[PDB]
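Protein chains in written order, with the UniProt record's numbering: chain A, 2 to 229; chain B, 1 to 148; chain C, 1 to 71.
Since the structure comes first, as structure tokens, the remarks are kept for the end.
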RNA sequence: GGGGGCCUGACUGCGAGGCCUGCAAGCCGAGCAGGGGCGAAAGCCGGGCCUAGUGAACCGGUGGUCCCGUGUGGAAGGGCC
RNA sequence: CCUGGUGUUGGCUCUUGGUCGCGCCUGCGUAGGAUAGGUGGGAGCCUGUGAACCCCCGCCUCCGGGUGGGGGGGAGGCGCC
RNA sequence: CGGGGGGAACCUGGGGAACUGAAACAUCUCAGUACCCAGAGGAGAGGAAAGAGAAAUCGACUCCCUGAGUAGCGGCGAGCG
RNA sequence: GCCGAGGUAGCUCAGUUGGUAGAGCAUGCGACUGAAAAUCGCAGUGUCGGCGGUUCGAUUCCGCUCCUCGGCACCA
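Below is the structure:
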């Protein structure tokens with residue numbers, strides 16, 4: 002009973018028997034793993050739903066009210082001052098129907114698409130074709146369409162994350178920084194607690210937030226109790 | 001079904017138990033017999049009757065044991081042997097101890113429980129280990145010498 | 001009288017019905033049973049001292065005969 | 001009656017008063033108020049060109065209500081739409 | 001009358017199925033060094049093999065190969081790129 | 001030492017019915033009625049509250065009037081009450 | 001109305017990553033068939049009952065919908 006991971010020391014730190022609580026989690030994670038740089042600790046969990054009927058395929062976003070400037074690239078598709086507002090705020094990819102055109106040709110360097118209502122027809126119908134069957138098309142009920150382009154990418158770089166559940170039923174997201182202030186990490190674990198509880202479709206019946214854990218990139222695995 | 005055991009331990013393993021033998025099962029199957037009874041403040045009492053009983057009996061054993069333990073570990077036991085400056089002609093049998101101490105000095109102890117691999121005939125004396133009760137072993141100064 | 005109980009009396013009566021529900025799930029029941037019935041217990045024994053029996057009925061039975069098990 | 005533009009009154013609360021009528025039926029309705037909709041507007045629109053496309057009462061369901069609850073705060077249940 | 005459950009209707013043992021908990025192994029359409037099961041976090045990882053060179057063995061099949069151990073030892077390999 | 005066998009109507013408990021009504025007739029009504037029975041009497045019946053009741057209130061049982069034919073029971077039908 | 005069930009080419013059966021489809025039998029052409037059937041070779045040959053949908057992609061995965069068959073409680 003021994004495995005292949007010098008992780009051995011750190012795992013020794015671990016000890017799966019008590020799914021404990023948030024702040025504890027911030028601290029133990031923080032101590033747990035600063036490999037070659039500082040851990041990109043994160044949170045992962047699963048929900049008692051069932052995507053075979055998208056009536057619960059959840060996603061949205063809780064703005065971890067803490068600094069950033071990375072993750073899931075985004076294209077701000079609009080016109081003039083919206084391009085201003087958006088790129089400004091903090092947009093990886095920025096433009097209008099010419100950037101969309103680039104997409105038609107062969108460019109979707111943007112995982113997510115945030116288009117304002119001044120190019121929504123062009124985005125959704127030009128790129129309806131291109132971005133529809135994947136999920137990279139701005140949708141007026143999918144955190145992807147809004148005149149608030151600057152506010153939007155603003156968040157994208159000041160402190161963004163967002164949600165989305167993968168196949169079988171789980172969600173993946175960053176709820177704090179490794180070495181980051183523990184209490185803080187708690188603040189974010191919660192940010193997620195809330196936003197999630199929110200997104201949580203009404204097609205539930207029992208244990209919804211089934212397993213909620215603070216775990217790290219390449220590091221430890223600690224189940225947690227985001228109730229307290 | 002508070003089944004009280006007379007001769008049971010899930011076999012004739014007697015008193016010392018009470019288990020559940022489901023309805024009739026228990027009834028006429030496991031206790032009609034001559035192997036047990038059932039609850040009753042009466043039977044429970046029974047358990048108390050001899051639990052107490054034995055608690056006092058054993059307690060006692062302990063006690064009388066103690067009186068002898070003390071008297072004997074206290075006193076010395078000298079015996080009139082006959083012979084040369086080593087082993088007497090026909091040994092010191094710890095039973096020799098037994099009756100000699102018994103009625104020439106006062107208290108008796110059965111031969112058996114003592115500490116005598118081979119009778120000892122060296123003479124002189126040794127204080128040895130003879131356990132009058134198995135948690136309480138009585139040691140004592142046994143001297144025999146040629147009154148030749 | 002040849003089968004009340006012995007460890008008291010359980011020997012009789014009753015009129016019994018029947019229909020077909022749907023009450024608090026859909027509509028009214030359905031009733032058409034002006035019927036009549038029996039309804040009873042059972043018998044057994046043990047020994048005073050080589051020689052005995054019992055007779056008796058069911059429950060009141062069982063713990064009862066136990067009572068005489070006390071004596 | 002043939003075509004085209006916009007639009008839903010194929011409205012609620014209501015209807016004075018008349019048609020046949022023993023019953024309950026069924027039938028016609030100016031105008032009043034909120035509220036729209038067609039016209040610029042004199043106004044017309046509470047279904048269709050009309051007479052047949054039909055069923056009391058019960059029991060029970062469902063979308064409101066937020067009236068009653070058997071002590072009382074509830075609730076099952078319950079009354080009305 | 002036949003007919004599950006259940007009550008008196010107790011013992012010993014052979015046994016096979018579902019379900020939840022934990023553990024293991026598992027995913028080969030084509031491009032893909034290559035049998036990519038998902039979706040995360042993510043350029044770093046490791047030295048009880050001093051090495052991916054070779055050795056057998058245990059295991060799962062759709063050629064290869066994936067995986068888990070024992071051994072042979074003299075700073076390399078692999079992930080990133 | 002007692003019972004038993006009686007006794008017109010009366011009483012308690014056991015068991016327990018069609019007509020007829022519902023202008024049919026099956027829940028229902030006639031009814032817990034007629035009838036078979038056991039049993040106490042001179043009367044049996046019931047008889048100090050796990051009662052009634054919502055005001056911090058009554059207080060065994062029985063019977064007469066009243067309480068309502070209301071509260072209500074129900075092919076919410078005949079009716080019952 | 002409930003649940004188990006059948007529905008694709010002329011006849012009738014097939015797949016749980018779905019992600020690539022028919023097959024046995026008739027129909028067309030060609031050898032063996034000196035006749036024939038039978039045989040073999042080939043071809044032709046299709047929405048997997050309807051629609052969207054989870055779905056890069058699933059017709060077998062998600063929900064509702066036709067006509068159907070088997071067994072249950074509906075109108076009192």
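Even for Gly, the Cβ is constructed at its ideal location relative to N, Cα and C.
Check, Outcome
"Through-space distance from residue 68 of chain B to residue 110 of chain B, alpha-carbon basis", "13 Å"
"When A:85, A:61 and A:167 are compared against residue 151 of chain A, the one with the closest alpha-carbon", "A:85"
"Interface partners of residue 70 of chain C on chain B, CB under 9 Å", "40 and 42"
"DSSP beta-bridge partners of residue 40 of chain C", "According to DSSP, residue 40 of chain C bridges with nothing at all."
"Straight-line gap, residue 173 of chain A to residue 193 of chain A (C-alpha atoms, nearest Å)", "10 Å"
"Any 3 or more C-beta pairs closer than 8 Å across the region 126–144 of chain B and the region 47–57 of chain B", "no"
"Exposure label - residue 1 of chain C; buried when at least 16 CB within 10 Å", "exposed"
"The region 52–64 of chain A touching the region 95–112 of chain A, judged by at least three CB pairs closer than 8 Å", "no"
"Whole alpha helix (DSSP H) elements within the region 74–131 of chain A, 4-residue minimum", "81–91, 98–107 and 121–127"
"Residue 150 of chain B in three-state terms, based on DSSP", "For chain B, the structure presents residues 1 to 148; residue 150 of chain B sits outside this window and is missing."
"From C:21, C:27, C:40 and C:33, residue whose alpha carbon lies closest to that of residue 72 of chain C", "Since the first residue shown for chain C is 1 and the last is 71, residue 72 of chain C is missing from the structure and cannot be characterised."
"Residue 28 of chain B, DSSP secondary structure in three states", "helix"
"Residue 40 of chain B - DSSP class collapsed to helix/strand/coil", "helix"
"Cβ distance (whole Å) where residue 98 of chain A is taken to contact residue 123 of chain A below 8 Å", "5 Å"
"Residue 170 of chain A versus A:34, A:202 and A:100, residue with shortest Cα-Cα distance", "A:202"
"Nearest-angstrom beta carbon gap, residue 180 of chain A and residue 39 of chain A [assumed within contact, 8 Å]", "5 Å"
"Contact belief for residue 216 of chain A with residue 43 of chain A at Cβ below 8 Å, rounded distance in angstroms", "7 Å"
"Which listed residue (B:141, B:142, B:144 and B:134) has its alpha carbon closest to that of residue 66 of chain B", "B:134"
"Residue 12 of chain C: first and last residue of the uninterrupted alpha helix (DSSP H) it sits in", "No alpha helix (DSSP H) contains residue 12 of chain C, which DSSP labels as neither H nor E."
"Length of the line joining the Cα atoms of residue 121 of chain B and residue 108 of chain B", "21 Å"
"Sufficient close CB pairs (3 or more, under 8 Å) joining the region 1–14 of chain B to the region 35–46 of chain B", "yes"
"Endpoints, alpha helix (DSSP H) assigned at residue 200 of chain A", "183–200"
"Where residue 91 of chain B sits in the DSSP three-state scheme", "coil"
"Selected residue, minimal CA-CA separation from residue 190 of chain A, among A:132, A:27 and A:74", "A:27"
"C-alpha gap between residue 166 of chain A and residue 204 of chain A, whole angstroms", "15 Å"
"Cβ contact (3+ pairs, closer than 8 Å) linking the region 50–60 of chain C and the region 22–35 of chain C", "no"
"Buried versus exposed call for residue 94 of chain A [16 or more other C-beta atoms within 10 Å across all chains shown]", "buried"
"Span of the beta strand (DSSP E) around residue 4 of chain B", "2–5"
"Identified DSSP bridge partners for residue 133 of chain B", "B:136"
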